[PDB]
Structure formats: structure tokens, C-alpha cells
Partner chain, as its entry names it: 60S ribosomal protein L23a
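For reference, the chain that follows is the form solved without its partner chain, supplied as C-alpha cells.
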């Protein structure tokens, strides 16, 4: 009963302002991406820009929390998600032709605006991206377009799941199995109401069918692969975590207890990167993650040589229709695929207005 929702104009404003910041920071990072650029540097730049820009709004409200909802993550080629290296980790240096996914989130007073975008590094003027890179990027963006049209009051999450499989297969691509798009609420990045990608038979049973409703907010997250779509851990150090306020445990080590306290104060229940702490965080993390006080956002990979594309946007289900508050700077004429959507209903859906 105490929820602040988009029924309130002020709440819509807070979402829109966080969305404007997310959009601006994303575009800055895309422009800063060129051959030879350090992924660590881009992650640090993104996060700092989020803090600086949120610092400049609602200045008179000195107690209002605002800042990072999802730390800047830059996941290249077959890397799926959540790459945000520690200073001590192996960095990654961008190469011409790399496929890059930038994923980040901003919050204003707990209202979250998440965005992610895919592009290719240093595409030359007057050329197009072709091949499997083009296939997977076009597939992922058409999945995003389909979701923009289908995530509306009265529709079912299952409709989205089905459409995504049809679109992706049109390009001989596969949405990554089991990945979720969450409803957002104030202070809640991971609402239990979700859209699931390409669920296994077991995932279909464990996942709840649901109907979208007016005043709900979603961070729609499309991740599509040129390969089988069964993402796996590959020994990469997890750096992104979130506190889970539903779980409690009295920690045995003073370092763990103090780390717990610092996490709660600084981040509440927003995902954060360990780079925000490096040694003393590493030990505190161990006990907290072990007893489920922190949830990891692991770095997952598709098969070597394959490509994973992503588009994520946040949408407000307003009485007058869906209102998207974030998006990436997608240029369709850049991508040429041998394939196209052939399905009549799907083609109709994609040509219709959003």
C-alpha cells in the first residue's frame, strides 16, 4: 500500500530524468569506444559520469539517494554480460570490428532506468557490418522492437517469449536460454514478475505466466546469440553483486560484518561493482556471498567465435500507452544480413507503429 508508482507525475519525472542520464552516458561511452581503448577505462568513465550527472539534479533535496542502479558493464563478442573488471583483473582492449555490449543503469530516488546497446568498433564510413555479427545484431534489435509493441497492458509475458524465438530463428540466431526481464519498482531492480527468454522445459514449469498491467514498469532485456544460446561460466571473476534484503545471517568475521555494513549504507539493494571498494572487499565478499547475503551477477560466455548482441530499454506502461525512457542509438542501415523475417504476422507486427 505504500508503493510510489507512475500514477504520480513526480515518479514519472524521476524515471524520465534517470533515463535522460542513462541515455547520455551510454551515448558518451559509445563515442569513446574505438580501437585501443581500455574496457576498464570505459567502465570507470561510465560510473563516474552517472555519479556526476545524478549529483547535478534534485540538488535542494540533500537526503535524496541517486546514482548507479547497474554498474557500467562492457561485454565483448561471445561474452554475454556483467564484465566490469577490477583494477587487478586482466583488462580487455577494444579491437576494430569487435562487437561491444554496453549495459548500465541509473536511479533517482530509487526509480531505475536501465539501458543496454550493441555496436561494432570503428566501422568505416560507407561500409556495412555483414555476416554473423549483422545477423545477431539485427535479430536482437528486431526482438527489442517486437517487445516494445508487445509489452503493453492486457498482453501476456508468454507472447513476448514466443515472438522473440520466432524473430531470432529468422536470422539463424537463438535467444540466450532463461534470461529474465524484470518489472521495476522503487528500490527494486529485480521484481518477481518477469519475461523469460527461450526457456528450457524445466524453466517453462518454474517460470510464472503473467499479464502486463497499467502503471507497471519493465526493463526489457534482449540477449541473442549466433550460437546455441546456452551461456556458461568460464572461470571469470565475478565483480558485480547486489545485497539481498530477504536473506539474513550473523557473520563470523569482523571484516565481513563491516563490509556488510558498508554495502548496505552505500548501495542499499542496488547492484554494485567490487571496484567501488580492493583486498578488504575481496575477503568480506566471500563470507557474504557464501551465506546468500550478496547475489552475484556472474560473467557468462557463449562458445568462442560466436557473437552475442543485446538491447535493453526501460518502459513505463502509462494509461495512454507504453513510454520508453531509455534506448540505444541504433542505426539499421549499418547492418546487412542475408536473412530477413519471413513470417507474415511477425512482419505485420514489426511494421506497425510503437
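Positions refer to the first chain, counted from 1.
The discussion below concerns the form solved in complex with its partner chain, not included here.
Contact with its partner chain in the bound PDB entry holds for all three of 237, 255 and 283, each having a heavy atom within 4.5 Å.
The stretch from 74-82, 98-106, 264-272, 247-255 that comes within 4.5 Å of its partner chain in the bound PDB entry, counting heavy atoms only, is 247-255.
Within 4.5 Å of any heavy atom of its partner chain in the bound PDB entry lies no heavy atom of residue 87. Within 4.5 Å of any heavy atom of its partner chain in the bound PDB entry lies no heavy atom of residue 65. Its partner chain is not drawn, but in the bound PDB entry it has a heavy atom within 4.5 Å of residue 291. Contact check for residue 287: a non-hydrogen atom falls within 4.5 Å of its partner chain in the bound PDB entry. If you take 141-163 and check each residue for a heavy atom within 4.5 Å of its partner chain in the bound PDB entry, you get nothing at all.
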